[PDB]
Amino acid sequence: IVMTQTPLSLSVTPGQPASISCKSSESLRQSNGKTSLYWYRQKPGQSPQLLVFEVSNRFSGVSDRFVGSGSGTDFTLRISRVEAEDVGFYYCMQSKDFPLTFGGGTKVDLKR
Amino acid sequence: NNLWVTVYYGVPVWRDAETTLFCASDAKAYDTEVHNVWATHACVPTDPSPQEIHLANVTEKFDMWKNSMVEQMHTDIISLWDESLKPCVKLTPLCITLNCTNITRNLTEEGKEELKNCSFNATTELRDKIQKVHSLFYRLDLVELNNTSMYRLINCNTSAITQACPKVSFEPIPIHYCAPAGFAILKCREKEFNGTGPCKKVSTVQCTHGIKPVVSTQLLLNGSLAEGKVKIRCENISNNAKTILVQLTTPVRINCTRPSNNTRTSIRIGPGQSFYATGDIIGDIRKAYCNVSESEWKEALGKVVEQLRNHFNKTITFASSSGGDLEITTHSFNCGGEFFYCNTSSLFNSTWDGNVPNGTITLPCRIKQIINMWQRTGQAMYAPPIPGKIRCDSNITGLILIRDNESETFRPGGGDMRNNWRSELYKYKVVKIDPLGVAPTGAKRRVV
Amino acid sequence: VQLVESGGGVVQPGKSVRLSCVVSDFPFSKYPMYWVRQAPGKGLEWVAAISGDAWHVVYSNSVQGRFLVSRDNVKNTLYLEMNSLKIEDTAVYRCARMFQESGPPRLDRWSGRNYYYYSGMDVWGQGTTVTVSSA
Amino acid sequence: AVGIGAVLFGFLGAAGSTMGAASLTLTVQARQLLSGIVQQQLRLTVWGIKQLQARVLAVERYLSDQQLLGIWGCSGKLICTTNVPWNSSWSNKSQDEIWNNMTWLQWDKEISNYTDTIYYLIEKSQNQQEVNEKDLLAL
Amino acid sequence: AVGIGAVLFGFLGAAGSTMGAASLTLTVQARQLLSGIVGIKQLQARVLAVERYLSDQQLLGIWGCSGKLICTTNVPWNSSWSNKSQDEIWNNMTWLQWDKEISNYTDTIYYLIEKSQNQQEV
Amino acid sequence: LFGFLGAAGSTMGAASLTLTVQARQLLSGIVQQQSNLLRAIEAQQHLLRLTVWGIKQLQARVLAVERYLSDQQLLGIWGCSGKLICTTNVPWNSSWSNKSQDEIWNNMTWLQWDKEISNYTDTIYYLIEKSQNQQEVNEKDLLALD
Ligand SMILES: *[C@@H]1O[C@H](CO[C@@H]2O[C@@H](C)[C@@H](O)[C@@H](O)[C@@H]2O)[C@@H](O[C@@H]2O[C@H](CO)[C@@H](O[C@@H]3O[C@H](CO[C@H]4O[C@H](CO[C@@H]5O[C@H](CO)[C@@H](O[C@@H]6O[C@H](CO)[C@H](O)[C@H](O)[C@H]6O)[C@H](O)[C@H]5NC(C)=O)[C@@H](O)[C@H](O)[C@@H]4O[C@@H]4O[C@H](CO)[C@@H](O[C@@H]5O[C@H](CO)[C@H](O)[C@H](O)[C@H]5O)[C@H](O)[C@H]4NC(C)=O)[C@@H](O)[C@H](O[C@H]4O[C@H](CO)[C@@H](O)[C@H](O)[C@@H]4O)[C@@H]3O)[C@H](O)[C@H]2NC(C)=O)[C@H](O)[C@H]1NC(C)=O
Ligand SMILES: *[C@@H]1O[C@H](CO[C@@H]2O[C@@H](C)[C@@H](O)[C@@H](O)[C@@H]2O)[C@@H](O[C@@H]2O[C@H](CO)[C@@H](O[C@@H]3O[C@H](CO[C@H]4O[C@H](CO)[C@@H](O)[C@H](O)[C@@H]4O[C@@H]4O[C@H](CO)[C@@H](O)[C@H](O)[C@H]4NC(C)=O)[C@@H](O)[C@H](O[C@H]4O[C@H](CO)[C@@H](O[C@@H]5O[C@H](CO)[C@@H](O)[C@H](O)[C@H]5NC(C)=O)[C@H](O)[C@@H]4O[C@@H]4O[C@H](CO)[C@@H](O)[C@H](O)[C@H]4NC(C)=O)[C@@H]3O)[C@H](O)[C@H]2NC(C)=O)[C@H](O)[C@H]1NC(C)=O
Ligand SMILES: *[C@@H]1O[C@H](CO)[C@@H](O[C@@H]2O[C@H](CO)[C@@H](O[C@@H]3O[C@H](CO[C@H]4O[C@H](CO)[C@@H](O)[C@H](O[C@H]5O[C@H](CO)[C@@H](O)[C@H](O)[C@@H]5O)[C@@H]4O)[C@@H](O)[C@H](O[C@H]4O[C@H](CO)[C@@H](O)[C@H](O)[C@@H]4O[C@H]4O[C@H](CO)[C@@H](O)[C@H](O)[C@@H]4O)[C@@H]3O)[C@H](O)[C@H]2NC(C)=O)[C@H](O)[C@H]1NC(C)=O
Ligand SMILES: *[C@@H]1O[C@H](CO)[C@@H](O[C@@H]2O[C@H](CO)[C@@H](O)[C@H](O)[C@H]2NC(C)=O)[C@H](O)[C@H]1NC(C)=O
Ligand SMILES: *[C@@H]1O[C@H](CO)[C@@H](O[C@@H]2O[C@H](CO)[C@@H](O)[C@H](O)[C@H]2NC(C)=O)[C@H](O)[C@H]1NC(C)=O
Ligand SMILES: *[C@@H]1O[C@H](CO)[C@@H](O[C@@H]2O[C@H](CO)[C@@H](O)[C@H](O)[C@H]2NC(C)=O)[C@H](O)[C@H]1NC(C)=O
Ligand SMILES: *[C@@H]1O[C@H](CO)[C@@H](O[C@@H]2O[C@H](CO)[C@@H](O)[C@H](O)[C@H]2NC(C)=O)[C@H](O)[C@H]1NC(C)=O
Ligand SMILES: *[C@@H]1O[C@H](CO)[C@@H](O[C@@H]2O[C@H](CO)[C@@H](O)[C@H](O)[C@H]2NC(C)=O)[C@H](O)[C@H]1NC(C)=O
Ligand SMILES: *[C@@H]1O[C@H](CO)[C@@H](O[C@@H]2O[C@H](CO)[C@@H](O)[C@H](O)[C@H]2NC(C)=O)[C@H](O)[C@H]1NC(C)=O
Ligand SMILES: *[C@@H]1O[C@H](CO)[C@@H](O[C@@H]2O[C@H](CO)[C@@H](O)[C@H](O)[C@H]2NC(C)=O)[C@H](O)[C@H]1NC(C)=O
Ligand SMILES: *[C@@H]1O[C@H](CO)[C@@H](O[C@@H]2O[C@H](CO)[C@@H](O)[C@H](O)[C@H]2NC(C)=O)[C@H](O)[C@H]1NC(C)=O
Ligand SMILES: *[C@@H]1O[C@H](CO)[C@@H](O[C@@H]2O[C@H](CO)[C@@H](O)[C@H](O)[C@H]2NC(C)=O)[C@H](O)[C@H]1NC(C)=O
Ligand SMILES: *[C@@H]1O[C@H](CO)[C@@H](O)[C@H](O)[C@H]1NC(C)=O
Ligand SMILES: *[C@@H]1O[C@H](CO)[C@@H](O)[C@H](O)[C@H]1NC(C)=O
Ligand SMILES: *[C@@H]1O[C@H](CO)[C@@H](O)[C@H](O)[C@H]1NC(C)=O
Ligand SMILES: *[C@@H]1O[C@H](CO)[C@@H](O)[C@H](O)[C@H]1NC(C)=O
Ligand SMILES: *[C@@H]1O[C@H](CO)[C@@H](O)[C@H](O)[C@H]1NC(C)=O
């Protein structure tokens, strides 16, 4: 299973919401009926961090600005009111079948 | 010395009976978003995906021409077809006269002789008033009577037209087939399996793979491929076969389209019942066409000839079929609700003997709206128009050859749709487990 | 929770290392563990995965036949062996934990097989590195 | 993301093994005779009746063989012994020739003309035994 | 062309013979209670055929009589039910005539066979 | 505790002393007990149309038959045919539950045992059917030995 993302980098304004989408080749609906999409966050020089561990539901300890959506192969991640703790690397991971591939990866930046 | 009858329960034997199968669902992330023809939401789910146990040291005779899974699947695809059209709107107020003249108008300069607006007196929702209503109609879907002549539809002489409900999708979502308890499906994994005869590699499965109910003539679309080289399957080697099933190894990617930005209007003919016509085409009217890549069609058609030599020593002439009706003469398929009819006379032109890659083959495709499905008469169906442009991109995964000097000729096939389902259901059959066995051992029932 | 790593350093091509990943206050016989790999200036990869049963292990395609994953449910440790080290393995190796515990193997009655279940991530490790060099 | 663990015996896995080691797996086929994939975790569809017909058929065939076990002396059992002596006109094969050498589905195609004659004799010696077990309890 | 070989016990057959000779052909008539010689009312015919069979098998399971043709219970035969001798029952009487003799007393006897199984206390 | 499901709530030492209450409602009082299903058939004969409540009585009969036979088959493959408490030769593996007898039989209900052992019963049932099949093979050729 391959993964591609749009875009490769964002250039946004603090207080303005944005969004990052992932695209899968094969549909990721398991036989449980629940999908296998994972939204991560790596600060530079830091360990990664889960944000959304399905299509929808949010990790215990993440603020409600991060909402997830989608079904089938089309998926998005809509940040609400981008702030100073929302810059770095955003990843997509599937866990439908081995090997557990990661996405390409975005680089969210502001305009200094 | 003394042997005695002892009966066993749980014995691995099977007869070769036949029964009622049922379907299963294949990973549909819709889960009742839209509805389609095939009612795939009514199938059962499964928490493990269906599996496959390799059975050691068993051989088994298969026969793809007497398999009854094909005749059972053919009655089900027709049954699911007629279930959907029954609540849709009856369309008897179009059996009237159709007075019209071709269309009005860098230049458009195409489609002038295959399409025309036709105005007619429809019914309103009051059964006391008439409304003067125009609609674009294809030239195939009109008949002369005896500039602005008078026309009427094709099957208004013979049928009763019902249009298709536009929420219902024609997309062939895959369907599995599963066996009830006490039954089993045995598949043949052997690569050199020629349709009939025995099989030294059999395995048993819960359900089949995903079979897409794709309806097509003269060519097989979105099917399965071959493991080794091209397999060629006829009924019986007795010079009365007349149908050849070719299964390719690598596909030949048909891409096929109609360029037009046509519209769709809604016209009320009664209490809530609405007729969906073709309003106007925005922009340049063009023909419909399929492209075939001339490079690997020449490669794939040559490998078919190489394996026809192993059955037949005569020379090979691929000549296009000549018939009366337009269905078994062209290549009919479906793009999301539009029924194409493509002239494949150039794909089956050449002759071959016992002994180019720049261009792309372009096929002229007609298109029509009133459809006599499943070789039946009296139950025509009006496919409504689709707004905008449509585009298909499918795979030729096989083809059907009908057989008609010392130089044999293979016309392109078509017609019967059971030959579509022998392409997929050939490699497995249904058996019936019988658990009671009996054998002589030396143990007798110790009485009282 | 706390996930601690060690065992990383600098070797030659054609050597053997032994990474380690000690956990803090788990049941740890319920949670199957992972190993991801991040080259410098690249994205993440996936390397290996052992179960909490310690019975079924899987590897990536590029690293097949070279690595060896084990665990000790008494000592609460991960034991990643490596063998015949190439040059392109200069990266950072993080152990990881699924966000929920997989249960036991689920026996399928029709085919007589046991099935394990795998899913995503909670806690990557600290992040230790192995850099292969000549001198 | 799944993975194959340890394997055990599976359905029909002893078909064509032999006759003496395929009788050590009798429960594996006897478990898959009543409940199939039909039972999972809006009315009168074509696929709805065809699923309901598969559930009525699966009870009728199960009760057929389960009736026939109880008419014999063999209810709730997997291997039982009778008092009917084997007749060599049914089959003349040796004891080490059908065990350890033959498989089922080869023995099935051999005595399938004689099973209706064999089944009658098992039922007849069960009437004769149960009358005698009655008439032994009059003392 | 079809001939006819040897003749064995047919379906009813011993319906007119005595109750000592009709109790050796019990297996012949038990085979025909379920099988038969057989689209929504196509199913309701089958489900009644199954549930007429399972109703008589559960009733034999309430008693001690599961999985056997002749069974024995420890209810005493009350001599007011029928007072006939043993030789004029088992040698001079059919089952169709005995069925009319104790047709009044059927629900009384079934109520006692069921009670003496709850009084096992084992 | 007498009454249908009345022992739900008591510990499983005392809830297993009255198992007759459950194995009579689930063997007798299911198909044999009711004769009023064929009193609603003639009322369905009076009306000439198949109603909605006639379809639901098919699906409540075929669920009632299958629920009865898929618990008698499973007691038939094992040696426990016509009885309520039976013993087997399968040794209890402590990786199924390491819990002592006094905690199980005297401080835990049956409904708290369902929510502990349910992942393991498909493995446990394989070992009861296998040991029953090994037993009847052994007592056949022992029988044929003398
Ligand atoms: C009770 O119970 C319990 C439990 O149970 C369970 O659970 C349940 C629930 C159910 O399910 C059941 O069924 C189960 O079982 C029990 O227990 C058990 O038991 C058993 C027996 O009986 C057991 O088994 C065992 O197994 C084992 C394993 O095997 C595997 O592996 C191997 C290897 O090994 C490894 O090695 C390594 C090296 O190389 C190591 O490492 C090391 O380590 C150390 C520490 O220790 C350190 O660290 C160092 O450093 C290092 O180096 C490790 O450790 C090891 N491991 C182990 C575990 O051991 C191999 O060889 C084999 O082969 C196997 O393998 C596998 O295989 C498979 C197949 O192929 C695979 O799969 C696959 O994969 C792929 C990928 O890769 C894909 O995915 C596919 O799909 C799939 O299929 C896998 O993967 C693999 N894995 C691996 C890891 O590799 C073995 O060994 C053993 O054996 C034994 O036996 C035999 C015969 O008899 C002999 O011969 C030998 O010798 C021995 O003895 C066994 O079999 C188990 O384990 C257990 N478990 C536990 C938990 O314990 C009990 O038993 C009961 N009880 C009673 C009484 O019974
Ligand atoms: C039998 O098999 C079952 C599975 O079988 C399969 O599935 C079934 C359906 C069937 O299909 C079978 O055929 C299959 O084979 C086993 O079921 C497992 O049960 C466990 C719990 O019993 C469960 O683990 C938990 O998962 C959650 C997340 O997953 C839940 O939520 C999502 C989203 O809603 C949902 O999609 C999931 O399905 C799941 O929902 C739960 O599902 C189960 C069963 O379906 C239901 O019963 C639940 O009601 C339902 N819950 C909800 C809310 O819907 C994890 O997040 C969670 O882990 C965190 O919490 C635990 C709390 O104990 C923490 O553990 C403690 O950690 C301490 C560390 O200091 C330590 O000191 C303590 O000792 C330790 N406690 C114990 C008891 O050891 C744990 O560490 C996590 O805490 C988080 O840690 C992070 C790291 O720092 C922090 O960042 C977080 O903030 C922190 N969060 C919190 C809240 O603290 C827990 O693991 C499994 O999901 C479930 N399996 C599967 C596959 O789903 C069952 O166990 C088997 N055995 C038996 C006997 O039944
Ligand atoms: C052999 O196999 C091949 C491959 O499997 C088959 O080829 C496929 O055929 C199907 C037809 O069944 C094609 O699906 C249709 O594609 C239409 C084109 O979509 C693109 O354009 C539109 C508009 O520009 C975009 O919205 C689309 O974007 C969406 O899809 C992409 C991926 O494709 C996603 O990434 C996006 O996120 C979007 O989700 C595409 O760019 C498409 O319009 C059409 O969907 C409409 O039609 C169906 C029924 O007709 C409706 O159920 C559906 O909801 C849509 O309906 C809306 O639009 C129409 C018209 O606008 C209105 O009439 C409705 O009222 C409603 O508003 C459908 O998805 C598929 O594209 C094609 N595969 C490829 C790769 O091209 C072959 O057919 C098969 N061979 C045979 C013989 O069957
Ligand atoms: C097809 O015929 C219809 C007639 O109903 C044309 O529609 C209108 O016709 C009137 C009179 O002929 C014109 O004055 C209008 O300009 C037409 N167009 C409208 C109302 O949009 C229609 O133009 C014809 N041609 C097509 C559909 O190509
Ligand atoms: C729709 O109905 C009207 C009458 O209600 C038809 O109009 C007549 O047409 C004929 C021939 O076209 C003329 O000779 C009459 O003079 C017309 N009468 C009126 C009152 O206009 C009209 O032709 C019908 N349309 C169609 C397509 O048949
Ligand atoms: C149409 O043909 C293409 C090949 O040209 C198919 O794509 C391959 O599909 C198989 C699975 O059947 C994969 O294993 C290959 O990796 C695919 N290759 C490429 C290049 O995509 C495609 O799946 C076919 N379409 C359909 C609907 O079967
Ligand atoms: C097997 O061969 C026989 C020839 O004896 C085929 O019978 C003829 O088949 C052709 C076309 O298949 C028909 O046009 C003829 O009418 C058939 N002859 C008769 C007398 O009916 C037969 O079709 C072949 N088997 C299969 C399955 O096609
Ligand atoms: C079918 O083949 C035709 C012939 O090449 C394609 O038409 C060409 O499309 C390109 C755009 O990529 C234009 O630049 C060319 O001018 C077109 N050819 C001509 C002669 O005008 C067409 O795109 C193909 N269609 C599909 C669906 O592949
Ligand atoms: C039919 O359409 C497909 C659409 O993908 C064409 O495939 C593309 O062709 C162009 C031109 O060579 C390439 O640049 C693309 O990379 C191709 N895409 C894929 C996915 O292969 C195909 O060539 C067309 N065939 C014909 C005969 O026109
Ligand atoms: C498919 O197209 C070809 C090429 O146009 C047609 O074949 C010839 O068409 C011309 C056009 O008038 C005729 O004069 C020739 O007699 C045709 N040749 C043959 C051998 O038939 C062919 O008719 C078209 N097929 C269909 C079904 O329309
Ligand atoms: C029908 O009734 C006759 C009455 O004569 C039965 O024949 C006698 O049955 C008794 C029963 O033991 C025998 O002792 C006699 O020897 C029989 N008489 C003759 C002449 O054979 C006859 O058996 C009854 N029918 C059936 C089918 O049993
Ligand atoms: C045996 O049957 C006789 C039938 O005459 C029973 O006696 C009568 O039973 C009814 C119903 O219980 C009572 O109303 C009568 O009063 C009884 N008669 C007398 C004289 O008391 C008798 O109970 C049955 N049982 C036994 C053991 O004799
Ligand atoms: C209906 O009329 C057309 C017009 O000629 C004719 O070709 C067709 O055969 C007719 N259909 C019949 C009579 O069934
Ligand atoms: C298959 O046959 C071989 C020898 O012919 C035998 O050794 C093997 O056990 C057989 N396989 C099975 C599953 O019985
Ligand atoms: C049957 O087996 C016996 C061996 O005792 C042999 O004598 C006889 O010829 C065999 N009959 C046939 C028909 O093979
Ligand atoms: C219910 O709980 C009370 C309090 O522990 C106890 O005395 C009583 O015996 C319990 N009854 C049952 C039926 O378990
Ligand atoms: C399970 O019970 C045993 C004693 O029976 C004990 O030694 C062990 O620690 C228990 N398991 C756990 C995880 O506590």
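Refer to the structure printed above.
Residues numbered from 1 in each chain as written, not as in the entry; some residues may be left out. Chains lettered and ligands numbered in written order. Part of a larger assembly, values for the part shown. Heavy atoms only, no water.

Some remarks on the pairing of strand β11 (residues 113-117) of chain C
Then step 1. In terms of burial, β11 of chain C is a largely internal element, four of the five residues being buried.
Then step 2. In terms of strand pairing, strand β10 (residues 106-108) of chain C meets β11 of chain C through three bridges, oriented antiparallel. Note that in β11 of chain C the partner of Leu107 of chain C across the bridge is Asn114 of chain C.
Then step 3. With antiparallel pairing between neighbouring strands as the criterion, β10 of chain C and β11 of chain C make up a hairpin whose turn holds four residues, including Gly112 of chain C at a positive phi of roughly 70°.
Then step 4. Bridge count for β11 of chain C against strand β1 (residues 2-7) of chain D is four bridges, and the pairing is antiparallel. When the sheet's bridge partners are listed, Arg113 of chain C is paired in β1 of chain D with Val7 of chain D. (Buried < 20%, exposed > 50% of the residue type's maximum accessible area, 1.4 Å probe, protein only. Helix = DSSP H or I, 4+ residues; strand = E, 2+ residues; numbered from the N terminus. Pairing = 2+ DSSP bridges.)

Points about the pattern of salt bridges
Then step 1. Summed over all chains, the structure comprises 38 salt bridges over all chains.
Then step 2. One salt bridge in this structure joins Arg18 of chain C and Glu81 of chain C, with 2.4 Å as the shortest N-O distance. Linking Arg18 of chain C in strand β3 (residues 16-24) with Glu81 of chain C in strand β8 (residues 77-83), this pair joins segments that are 63 residues apart in sequence.
Then step 3. With a relative accessible area of 44%, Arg18 of chain C lands in the partly exposed category.
Then step 4. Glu81 of chain C gets classed as buried once you look at its relative accessible area, which sits at 16%.
Then step 5. One salt bridge in this structure joins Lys84 of chain E and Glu101 of chain E, with 3.7 Å as the shortest N-O distance. Of the two residues, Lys84 of chain E is situated in the loop between α2 (41-62) and α3 (87-90) and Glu101 of chain E in helix α4 (residues 95-101); the sequence distance between them amounts to 17 residues.
Then step 6. Of the residues examined, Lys84 of chain E reaches a relative accessible area of 29% and is grouped as partly exposed. (Salt bridge = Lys/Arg side-chain N within 4 Å of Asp/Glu carboxyl O.)

Considerations on the state of the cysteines
Residue and element names in this part refer to chain B.
Then step 1. Scanning all chains against the criterion turns up 14 disulfides over all chains.
Then step 2. Between the sulfur of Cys256 and that of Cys290 lies a disulfide, 2.0 Å long from S to S. Disulfide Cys256 to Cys290: torsion about the S-S bond roughly -75°, handedness left-handed. One end of the pair, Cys256, is in strand β19 (residues 252-262); the other, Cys290, is in strand β23 (residues 288-293), with 34 residues separating them in the sequence. Residues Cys256 and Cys290 agree in their burial class; the two are buried.
Then step 3. The closest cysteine sulfur to the non-disulfide-bonded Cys234 is located on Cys188, 18 Å from its own sulfur. (Disulfide = S-S within 2.5 Å.)

Quick look at the interface of chain B and chain D
Then step 1. On the chain D side, the residues contacting the 59 residues of chain B number 67 residues.
Then step 2. It is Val5, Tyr9 and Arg445 of chain B in chain B that bury the most area against chain D; as a group they hold 16% of the surface buried on that side.
Then step 3. Taken together, the links from chain B to chain D amount to three salt bridges.
Then step 4. A salt bridge links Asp434 of chain B to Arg61 of chain D, with the nearest nitrogen and oxygen atoms 3.3 Å apart.
Then step 5. Our count for the chain B to chain D interface comes out at 14 residue pairs in polar contact.
Then step 6. Those elements that place two or more of their residues in the side of chain B that touches chain D are β1 (4-9), β2 (14-15), α1 (69-85), β13 (183-188), β33 (428-433) and β34 (436-441) of chain B.
Then step 7. For the side of chain B that touches chain D, the class distribution of residues is 39 nonpolar, 13 polar and seven charged.
Then step 8. Note that β1 of chain B and strand β2 (residues 79-85) of chain D share four bridges and pair antiparallel. Among the inter-strand pairings, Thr6 of chain B is bridged to a residue of β2 of chain D, identified as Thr81 of chain D. (Contact = heavy atoms within 4.5 Å. Buried area = accessible area lost by both parts, 1.4 Å probe. Polar contact = N/O pair within 3.5 Å; in protein donor to acceptor, adjacent residues only side chain to side chain. Nonpolar A, V, L, I, M, F, W, Y, C, P; charged D, E, K, R; others polar.)

As for the site of ligand 13
Residues and elements named next belong to chain B.
Then step 1. Around ligand 13, the structure places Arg152, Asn157 and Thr158.
Then step 2. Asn157 is positioned with one of its side-chain polar atoms (N or O) 2.4 Å from an oxygen atom of ligand 13.
Then step 3. Contact with the protein chains covers 29% of the free accessible surface of ligand 13, which is 350 Å². (Near = heavy atom within 4 Å. Areas by Shrake-Rupley, 256 points an atom, 1.4 Å probe, with all protein chains shown as cover.)

Section: the sheet that holds β10 of chain C
Then step 1. One open sheet holds the three strands; their spatial order is β10(C)-β11(C)-β1(D), and the pairing between them is antiparallel. Sheet topology places β10 of chain C together with β1 of chain D at the edges, where each strand pairs with a single neighbour. For this sheet, the mean angle separating the axes of adjacent strands, direction not counted, is 35°. (Axes fitted to C-alpha atoms, helices over the stretch in contact; angles between N-to-C directions.)

Considerations on the nonpolar core
The tendency in soluble globular proteins is for nonpolar side chains to be buried side by side.
Then step 1. Of all hydrophobic cores here, the largest spans 72 residues; its most connected members are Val5 of chain B, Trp72, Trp104 and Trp107 of chain D, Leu54 of chain E together with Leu69 of chain F.
Then step 2. No other element matches the six residues that helix α2 (residues 46-71) of chain D contributes to this core.
Then step 3. Contact partners of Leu54 of chain E, with chain neighbours within four places excluded, come to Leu63 of chain D together with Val31, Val65, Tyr68 and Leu69 of chain F.
Then step 4. Counting 48 residues, the second-largest nonpolar core is a separate cluster that includes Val214, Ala241, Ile254 and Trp352 of chain B. (Core = buried A, V, L, I, M, F, W, Y, C linked by side-chain atoms within 4.5 Å.)

Considering the sheet that holds β34 of chain B
Then step 1. The three strands are arranged β34(B)-β1(B)-β2(D) in an open sheet whose pairing can be described as antiparallel. The strands lining the two open edges of the sheet, one partner per strand, are β34 of chain B together with β2 of chain D. Sheet twist, expressed as the average angle between the axes of neighbouring strands with direction ignored, equals 30°.
Then step 2. In the packing of α2 of chain D onto the sheet, contacts are made with β1 and β34 of chain B, and the angle to β1 of chain B comes to roughly 150°.
Then step 3. Helix α5 (residues 115-135) of chain D rests against β1 and β34 of chain B together with β2 of chain D of the sheet, and its axis sits at about 90° to β2 of chain D.

Overview of a nonpolar patch on the surface
Then step 1. A contiguous nonpolar surface patch, about 480 Å² in accessible area, is contributed by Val447 and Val448 of chain B together with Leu136 and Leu139 of chain D.
Then step 2. Positionally, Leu139 of chain D belongs in the segment after α5.
Then step 3. Overall, the relative accessible area of 98% leaves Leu139 of chain D in the exposed class. (Patch = residues over 30% accessible without salt bridge, like charges linked within 9 Å, V, L, I, M, F, W, Y side chains within 5 Å.)

Quick word on the pairing of strand β15 (residues 202-205) of chain B
Residues and elements named next belong to chain B.
Then step 1. Of the two faces of β15, the one holding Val202 and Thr204 and the one holding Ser203 and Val205 are both buried throughout.
Then step 2. As paired elements, strand β4 (residues 52-54) and β15 share three bridges and run antiparallel to each other. Following the sheet pairing, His54 is matched in β15 by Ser203.
Then step 3. Two elements, β13 and β15, share four bridges in a ladder whose sense is antiparallel. Within β15, the residue paired with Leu186 across the bridge is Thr204.

What about the arrangement of the chains?
Then step 1. Ranking by contact count across eleven pairs of chains in contact places chains B and D at the top.
Then step 2. What separates chain A from chain E at the closest point of their C-alpha atoms is a distance of 32 Å, and the two make no contact.

Details of helix α2 (residues 294-308) of chain B
Then step 1. In a regular helix each residue adds 1.5 Å, so 15 residues correspond to 21 Å; α2 of chain B covers 21 Å between its end C-alpha atoms and thus fits that length.
Then step 2. What α2 of chain B keeps buried is the set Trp297, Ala300, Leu301, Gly302, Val304, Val305, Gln307 and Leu308 of chain B. (Expected span 1.5 Å × (residues − 1).)

A word on the interface of chain F and chain D
Then step 1. Contact with chain F, which involves 22 residues of that partner, is made by 22 residues of chain D.
Then step 2. As a salt-bridge pair, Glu66 of chain F and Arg55 of chain D come within 2.6 Å of each other at their nearest N and O atoms.
Then step 3. Inspection of the chain F/chain D interface yields six residue pairs in polar contact.
Then step 4. Of all the elements in the fold, those that place two or more residues in the side of chain F that touches chain D are α3 (52-72), α4 (74-77) and α7 (121-141) of chain F.
Then step 5. Of the residues forming the side of chain F that touches chain D, the biggest block, nine residues, is contributed by α7 of chain F.
Then step 6. Each residue belonging to the side of chain F that touches chain D can be placed in one class, and the counts come to eleven nonpolar, six polar and five charged.

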